[PDB]
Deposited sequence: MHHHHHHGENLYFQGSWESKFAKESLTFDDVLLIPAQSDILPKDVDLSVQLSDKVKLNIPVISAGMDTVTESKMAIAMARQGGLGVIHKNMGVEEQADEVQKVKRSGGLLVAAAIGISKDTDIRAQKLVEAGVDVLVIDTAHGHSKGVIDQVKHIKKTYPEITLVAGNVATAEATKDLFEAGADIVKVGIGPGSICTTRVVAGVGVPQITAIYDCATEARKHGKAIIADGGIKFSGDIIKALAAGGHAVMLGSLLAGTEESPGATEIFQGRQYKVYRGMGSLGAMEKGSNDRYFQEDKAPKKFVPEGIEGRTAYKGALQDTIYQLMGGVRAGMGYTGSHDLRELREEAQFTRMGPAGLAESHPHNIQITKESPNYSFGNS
């Protein structure tokens, strides 16, 4: 029974695996990085910036969209200000833009002002996507605005991925506890190692023909290709893009060294009652986004040249990994 299967499951993280080099015809410089998330949304690079207050505002989204990616404007501000941020991205060349929403009372009026501004996709940003309140809210958003692409999360199982897709989600966001600034593992004793989480969820998504977002735990370009090869359609970066000038955080100095503050959306500072699930820290100033993305995509291109993956579909469906010890 359920008592007997308590400890049956085994899971993997990024550090547990490596990609096996395979037959290659295509050079890194020529591989296809493009990915179709929904019928209306398609990106040139499989990178989305995080719906965080130390990561994405109009500046991040504009720079992300220019490099061939996407940006999710965070919900930790006024309803009026979030609507104003969406307009700025659209007026900057008719670029793709995303915004975050909750499950509370303010959601219904927040969702209308974001769509009005010209948003392409709405993100139901929750700590626990497999909740009754989330399921109902997913149904409501798609019944009110069926023309706007809906992203729902966060989840870490096939069952949770099934339910959200059945409720009305176009894209499911995968990630329970892998984030650099996350303490959910330590505070709630909950989590599913990201490589397995992506794999179990992508196994379900393949049965619906829908997209999954590999969200959190990415430290380097090598973790981008690992996340994508495990089944992820696109990656969500928080820590790697919070040091760039384009992030809302103000540039500071400490002992002649430049730093930008990066905090979790569940840390004391961001929440300004729930017990904190995130921490507040400091990350080194990286400079222009363009340089960070060029370094990260160069690593992904290199790995796709190693695996012989001409596009992301060939990486997601054919690339093989090997398991190793510490």
property: Missing C-alpha runs, given along the deposited sequence, first residue counted as 1; result: 1 to 14, 287 to 301, 356 to 380
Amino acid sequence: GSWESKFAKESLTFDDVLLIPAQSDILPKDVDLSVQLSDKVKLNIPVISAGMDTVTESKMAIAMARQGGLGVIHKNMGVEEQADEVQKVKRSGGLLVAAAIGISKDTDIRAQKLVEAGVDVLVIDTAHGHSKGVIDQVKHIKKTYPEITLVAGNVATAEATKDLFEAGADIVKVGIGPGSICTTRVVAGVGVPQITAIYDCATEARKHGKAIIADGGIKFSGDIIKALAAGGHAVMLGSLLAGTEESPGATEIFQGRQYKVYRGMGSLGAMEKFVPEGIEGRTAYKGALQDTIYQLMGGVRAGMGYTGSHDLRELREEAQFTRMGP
From here on, numbers count along this sequence of modelled residues.
| query | finding |
| --- | --- |
| Stretch with the greater mean C-alpha B-factor as recorded in the entry, comparing 244 to 252 against 199 to 207 | 244 to 252 |
| Mean C-alpha temperature factor, higher of 162 to 170 and 178 to 186 | 162 to 170 |
| Out of 128, 219, 233, 88, residue topping the C-alpha B-factor column of the entry | 88 |
| Highest-ranked of 155, 237, 228, 119 once sorted by CA temperature factor in the record | 119 |
| Residue 101 by Cα B-factor - lowest, middle or highest third of the modelled chain | highest |
| Ranked C-alpha temperature factor of residue 133 among modelled chain residues, by third | middle |
| Chain thirds of CA B-factor: placement of residue 297 | lowest |
| Assigned third (lowest, middle, highest) for the C-alpha B factor of residue 193 | lowest |
| CA B-factor placement of residue 114, once the chain's modelled residues are sorted into thirds | highest |
